[PDB]
Amino acid sequence: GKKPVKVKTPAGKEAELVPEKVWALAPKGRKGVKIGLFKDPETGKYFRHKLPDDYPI
DNA sequence: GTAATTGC
DNA sequence: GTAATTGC
């Protein structure tokens, strides 16, 4: 389930974007975080950003 | 270092 | 090959 995520673009605007790809980033034995790959919708620049912990992977 | 991911 | 992304 790839629902939109409220993120801040590297331009500095709040935007609800569907991530292109999501995965967990976690050392062994750690909870870690969830990461998404996003494309800025007007500049076209790719960037990574943390996702909420409840986001489906 | 660490964990995975991938556009650059 | 690795910058950049979180958290410890």
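Each chain gets a letter, A, B and so on, in the order the sequences are listed, and its residues count up from 1.
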Charged N-O contact under 4.0 Å between A:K34 and A:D54: no
Base B:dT2 to side chain A:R30, donor-acceptor N/O within 3.5 Å cut-off: no
Proximal nucleotide (of [options]) relative to the [X] side chain:
X	options	value
A:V33	C:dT5, C:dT6, B:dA3	C:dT6
A:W23	B:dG7, C:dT6, B:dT5	B:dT5
A:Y46	B:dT5, B:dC8, B:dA3	B:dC8
A:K50	B:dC8, B:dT5, C:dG7	C:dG7

Taking CZ from A:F38 and P from B:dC8, how many angstroms apart are they, rounded to a whole number? 16 Å
Pucker class of B:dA3, from the sign of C1'-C2'-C3'-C4': north
According to the interplanar angle, ranging from 0 to 90°, do the rings of A:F47 and A:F38 count as parallel (below 30°), tilted (30 to 60°) or perpendicular (above 60°)? parallel
Using a 4.0 Å heavy-atom cut-off across all strands, classify A:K31 as base, sugar-phosphate, or nothing. nothing
Pick base, sugar-phosphate or nothing for A:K34, based on heavy-atom distances below 4.0 Å to the nucleic acid. nothing
Assign each of A:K45 and A:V22 the nucleotide of DNA chain B bearing its closest heavy atom; nearer the 5' end lies the nucleotide of A:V22
Planes under 30° and centres under 5.5 Å for C:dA3 and C:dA4: yes
Distance (rounded to the nearest 0.5 Å) between A:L37 CG and A:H49 NE2: 12.5 Å
Verdict with reasoning, A:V22 to A:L51, per side chain to side chain contact (heavy atoms under 4.5 Å, CB included): CA-CA 8 Å; A:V22 305; A:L51 315 169; 3.6 Å; yes
